[PDB]
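Structure, as structure tokens:
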Amino acid sequence: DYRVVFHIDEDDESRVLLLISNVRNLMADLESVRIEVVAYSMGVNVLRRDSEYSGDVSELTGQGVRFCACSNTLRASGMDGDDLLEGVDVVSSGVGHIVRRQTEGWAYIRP
Amino acid sequence: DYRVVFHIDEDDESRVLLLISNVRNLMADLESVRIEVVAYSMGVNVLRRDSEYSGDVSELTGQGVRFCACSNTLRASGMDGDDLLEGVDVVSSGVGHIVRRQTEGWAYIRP
Amino acid sequence: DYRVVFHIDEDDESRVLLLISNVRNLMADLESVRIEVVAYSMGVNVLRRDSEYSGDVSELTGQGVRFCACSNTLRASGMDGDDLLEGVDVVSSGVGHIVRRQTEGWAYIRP
């Protein structure tokens with residue numbers, strides 16, 4: 001049924017909690033939905049193992065939500081896959097993945 | 001012809017005036033366009049009866065613009081439909097409505 | 001192949017550099033992609049001849065990136081085409097152009 005990819009590139013608290021809230025809201029309002037969360041730039045800090053949002057990220061991952069980190073930004077930010085929480089996947093490009101997804105018919109949400 | 005849904009989740013002045021401006025600009029640049037404005041989180045404060053933007057909201061409603069408040073956020077914010085300006089509609093979910101709309105072919109704008 | 005239009009309506013440094021970075025990242029991660037950057041409101045200041053980002057804008061233009069300024073905002077901002085960097089094009093409406101593009105199948109990215 002529904003397919004949607006979220007986009008977050010900041011790590012300020014209110015924006016992060018809004019994304020989280022939007023992801024949960026969406027899973028409850030739509031019968032069937034596939035969700036991906038693409039985070040790049042400062043936004044990747046949310047996917048770090050030492051992140052204050054790790055509980056939220058690990059829990060949603062268990063519910064089928066796929067979090068994607070940008071292969072490029074990572075380097076740019078002195079980060080590698082070892083710094084990311086378990087369950088978080090890496091895509092070659094945050095924006096590229098978003099464009100591919102949109103091109104494949106996925107809906108786009110930028111909280 | 002054209003169908004577009006706007007997304008606003010903040011209530012800071014500059015962002016609100018930008019949305020308003022974008023809605024009017026759009027109605028003047030496109031021959032035929034159907035417009036919906038989905039506001040959630042802090043963004044719903046813009047749809048309140050006591051809002052400083054009530055004049056702008058009521059006027060655009062008269063021009064065919066449909067403003068939608070999130071059924072969930074409302075509660076979360078200690079609000080119910082009685083707190084909303086007349087003409088403002090309530091959708092079950094702000095993000096869900098946006099995803100359904102995008103899925104139905106509507107364009108998406110996030111000022 | 002891929003077609004994408006970026007949307008920027010602010011001129012704060014971090015947001016501008018993020019857009020620039022996203023445009024370059026995209027050109028390197030996608031084999032074939034057509035890119036347009038629509039800037040309105042404060043965002044048009046980025047397309048000014050006297051802008052600190054002129055080097056970045058002129059360079060990307062040479063690489064095929066099309067920057068578009070909003071015909072309306074310009075006036076609203078006491079600006080005309082003479083104030084814009086060479087290579088920057090003017091569209092009748094920033095949001096309208098974005099809606100037309102999305103309607104034509106282009107992907108949308110709002111950094």
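Any value given below was found using the heavy atoms of this structure, including those in side chains, with hydrogens, waters and symmetry copies removed. Order of the sequence lines sets the chain letters (A, B, ...), proteins ahead of strands, with each chain counted from 1.
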Counting only heavy atoms not in A/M42, do more than 12 sit closer than 6.0 Å to its CE atom?
-> no
Show your reasoning for whether side chain to side chain contact (heavy atoms under 4.5 Å, CB included) applies to C/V38 and C/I8.
-> CA-CA 6 Å; C/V38 179; C/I8 187 175; over 6 Å; no
Any pair counted as ring pair (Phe, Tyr, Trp, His ring centres under 6.0 Å), so long as it reaches residues 81-103 of chain A, sequence neighbours left out | none
Could you walk me through whether C/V99 and B/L30 pass side chain to side chain contact (heavy atoms under 4.5 Å, CB included), step by step?
-> CA-CA 9 Å; C/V99 169; B/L30 269 33; 4.2 Å; yes
CD/A/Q63: more than 12 non-hydrogen atoms of other groups inside 6.0 Å = yes
Pairs satisfying side chain to side chain donor-acceptor pair (under 3.5 Å), at least one member in residues 45-55 of chain C, at least two apart = C/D11-C/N45
Assess whether side chain to side chain contact (heavy atoms under 4.5 Å, CB included) is satisfied between C/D1 and C/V33, documenting all intermediate values.
-> CA-CA 6 Å; C/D1 216 20; C/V33 64; over 6 Å; no
Between the CD atom in A/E10 and the CG atom in A/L19, the distance rounded to the nearest 0.5 Å is 11.0 Å
State, yes or no, whether a side-chain contact exists between B/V23 and B/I35 at a heavy-atom distance under 4.5 Å.
-> yes
Heavy atoms of other groups near B/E104 CD, more than 12 under 6.0 Å = yes
Tell me the ring pair (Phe, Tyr, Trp, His ring centres under 6.0 Å) pairs involving residues 5-36 of chain B, sequence neighbours left out?
-> B/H7-B/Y40, B/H7-B/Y108
Could you pull out the closest heavy-atom pair between C/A39 and C/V44, with the gap in Å?
-> O-CG1, 3.1 Å
Just grab all the salt bridge (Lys or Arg N to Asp or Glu O under 4.0 Å) pairs involving residues 24-41 of chain B, residues at least two apart or on different chains.
-> B/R24-B/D56, B/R24-B/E59, B/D29-C/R100, B/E36-B/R66, B/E36-B/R101
To the nearest 0.5 Å, tell me how far C/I98 CD1 sits from B/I109 CD1.
-> 5.0 Å
If you take all heavy atoms of B/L85 and B/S58, which pair is closest and at what distance?
-> CD2-N, 3.8 Å
In the single-linkage hydrophobic clustering (I, L, V, M, F, W, Y; side-chain heavy atoms under 4.5 Å), do A/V16 and A/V65 co-cluster?
-> yes
A/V46 side chain near A/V57 side chain, heavy-atom distance below 4.5 Å = yes
Just how far is it from atom CG of A/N22 to atom OG of B/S41, taken to the nearest 0.5 Å?
-> 8.0 Å
No-hydrogen, no-angle side-chain donor-acceptor test under 3.5 Å, A/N25 and B/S93 | yes
Taking B/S21 for its side chain and B/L17 for its backbone only, find out whether a donor-acceptor pair lies under 3.5 Å.
-> no
Contact list for residues 66-89 of chain C, test ring pair (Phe, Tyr, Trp, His ring centres under 6.0 Å), sequence neighbours left out | none
With the threshold set at 4.0 Å, does a side-chain nitrogen-carboxylate oxygen contact exist between B/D9 and A/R110?
-> no
Between OG of C/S92 and CG of C/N72, what distance do you get to the nearest 0.5 Å?
-> 7.5 Å
Gap between atom OH of C/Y2 and atom CG of C/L26 - 0.5 Å precision = 10.0 Å
Mind checking side chain to side chain contact (heavy atoms under 4.5 Å, CB included) for B/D82 and listing every partner two or more places apart, or none if nothing turns up?
-> B/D80
Output for pair (C/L74 CG, C/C70 SG), nearest 0.5 Å, gives 7.0 Å
Give a yes or no on whether A/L18 and B/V91 share a hydrophobic cluster (residues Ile, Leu, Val, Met, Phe, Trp, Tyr; joining criterion: side-chain heavy atoms under 4.5 Å apart).
-> no
Please report the C-alpha distance between C/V90 and C/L84 in whole Å, then the side-chain angles of each, then the deciding distance to 0.1 Å, and finally whether the side chain to side chain contact (heavy atoms under 4.5 Å, CB included) criterion is met.
-> CA-CA 9 Å; C/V90 180; C/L84 307 164; 3.8 Å; yes
